[PDB]
Amino acid sequence: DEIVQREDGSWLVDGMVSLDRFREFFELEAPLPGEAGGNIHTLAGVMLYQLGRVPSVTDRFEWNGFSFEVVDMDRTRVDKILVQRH
Amino acid sequence: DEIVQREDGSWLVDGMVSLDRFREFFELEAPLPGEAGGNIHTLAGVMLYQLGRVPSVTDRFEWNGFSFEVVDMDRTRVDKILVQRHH
Ligand SMILES: [Ca+2]
Ligand SMILES: [Ca+2]
Ligand SMILES: [Ca+2]
């Protein structure tokens, strides 16, 4: 898994992580936002679908009992996401 | 500041921020770890002084009422730091 667990249980996840692997890790079945459109295969792809083409650091949403927050951009790349299961 | 504040009051700060600007921004009078020695000029350099040449995501330390946690590396570069003030 292209992700590392923090002291509070949350994960710093690279945006290049595939959704198949993301769902396998967290034991999910549900497609992430935008995945049904057929164009999206990575966590960063979902971030841009949900938050727009150039999101900002701290931009955040909830999905299926998880929160996702942009914690690092590299120019237009959504490079690192903070993921947290409630 | 090349830094943005999160909802809980912590800050996401680029490793490239100069220590001058960091201290100006947080109005700090004390030099950060390793700064006094004169070899350190950026927040990333403090991370490396404190944590070693290749720290890992989540490596953390505390100093003078702040915590600093590595939240992104880009290969060998400390690219983003979570900075938080503690009561
Ligand atoms: Ca960056
Ligand atoms: Ca980065
Ligand atoms: Ca990175």
Side-chain angles (χ1 to χ4, degrees), chain A residues 1-2 4-26 32 34 40-61 63 66-85, chain B residues 1-2 4-26 32 40-61 66-85:
Chain A
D1 189 55
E2 214 170 344
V4 186
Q5 189 169 40
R6 302 185 60 228
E7 304 172 356
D8 72 349
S10 64
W11 298 81
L12 295 159
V13 185
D14 196 292
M16 295 291 280
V17 70
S18 83
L19 304 178
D20 281 3
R21 201 148 251 206
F22 184 94
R23 294 188 262 87
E24 159 166 37
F25 193 90
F26 294 99
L32 276 75
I40 294 167
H41 301 266
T42 72
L43 189 57
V46 168
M47 303 305 94
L48 299 174
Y49 176 87
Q50 181 70 23
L51 293 165
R53 303 318 294 184
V54 72
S56 295
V57 173
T58 77
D59 279 11
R60 198 186 113 113
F61 63 95
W63 172 77
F66 284 80
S67 64
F68 305 75
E69 176 181 352
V70 180
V71 298
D72 181 62
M73 291 304 287
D74 290 336
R75 312 191 285 176
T76 65
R77 178 174 73 213
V78 182
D79 195 57
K80 191 76 97 208
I81 295 97
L82 184 71
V83 177
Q84 177 117 251
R85 190 209 276 284
Chain B
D1 201 39
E2 202 140 285
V4 188
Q5 197 175 20
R6 300 182 63 231
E7 184 170 5
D8 70 358
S10 68
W11 294 84
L12 294 162
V13 188
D14 203 288
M16 288 296 283
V17 64
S18 73
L19 290 179
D20 275 353
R21 287 196 56 184
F22 183 94
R23 282 181 283 92
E24 278 184 64
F25 186 75
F26 290 103
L32 273 72
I40 306 178
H41 303 105
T42 63
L43 192 55
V46 183
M47 303 311 108
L48 298 182
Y49 172 86
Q50 196 57 33
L51 298 169
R53 302 318 286 183
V54 58
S56 311
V57 181
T58 80
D59 292 355
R60 189 168 174 283
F61 65 93
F66 284 75
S67 60
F68 304 82
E69 184 183 345
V70 179
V71 288
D72 187 61
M73 299 296 287
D74 288 326
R75 297 170 197 184
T76 66
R77 162 181 95 237
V78 182
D79 189 53
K80 190 80 74 181
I81 298 126
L82 184 59
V83 176
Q84 188 171 21
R85 206 188 280 258

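Whatever order the structure lists them in is the order used to number ligands and atoms, beginning at 1. Numbered from 1 within each chain, the chains take letters A, B, ... in sequence-line order.
Classified by interplanar angle (parallel below 30°, tilted 30° to 60°, perpendicular above 60°), the ring pair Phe22(B)/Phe66(B) is tilted.
Here the side chain of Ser18(B) pairs a donor or acceptor atom with the backbone of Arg21(B) at under 3.5 angstrom.
We find the CG-CZ distance between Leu82(B) and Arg6(B) to be 6.0 Å, quoted to the nearest 0.5 Å.
Between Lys80(A) and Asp72(A) no salt bridge is recorded (no basic side-chain N to carboxylate O distance below 4.0 Å).
Scanning all heavy atoms of the two residues, the minimum distance from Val57(B) to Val4(A) falls at O-CG1, 4.1 Å. A pairwise comparison of heavy atoms in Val70(A) and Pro55(A) identifies CG2-CB, 4.3 Å as the closest pair.
With waters left out, the protein N, O or S atoms under 3.0 Å from the Ca ion (ligand 1) add up to 4.
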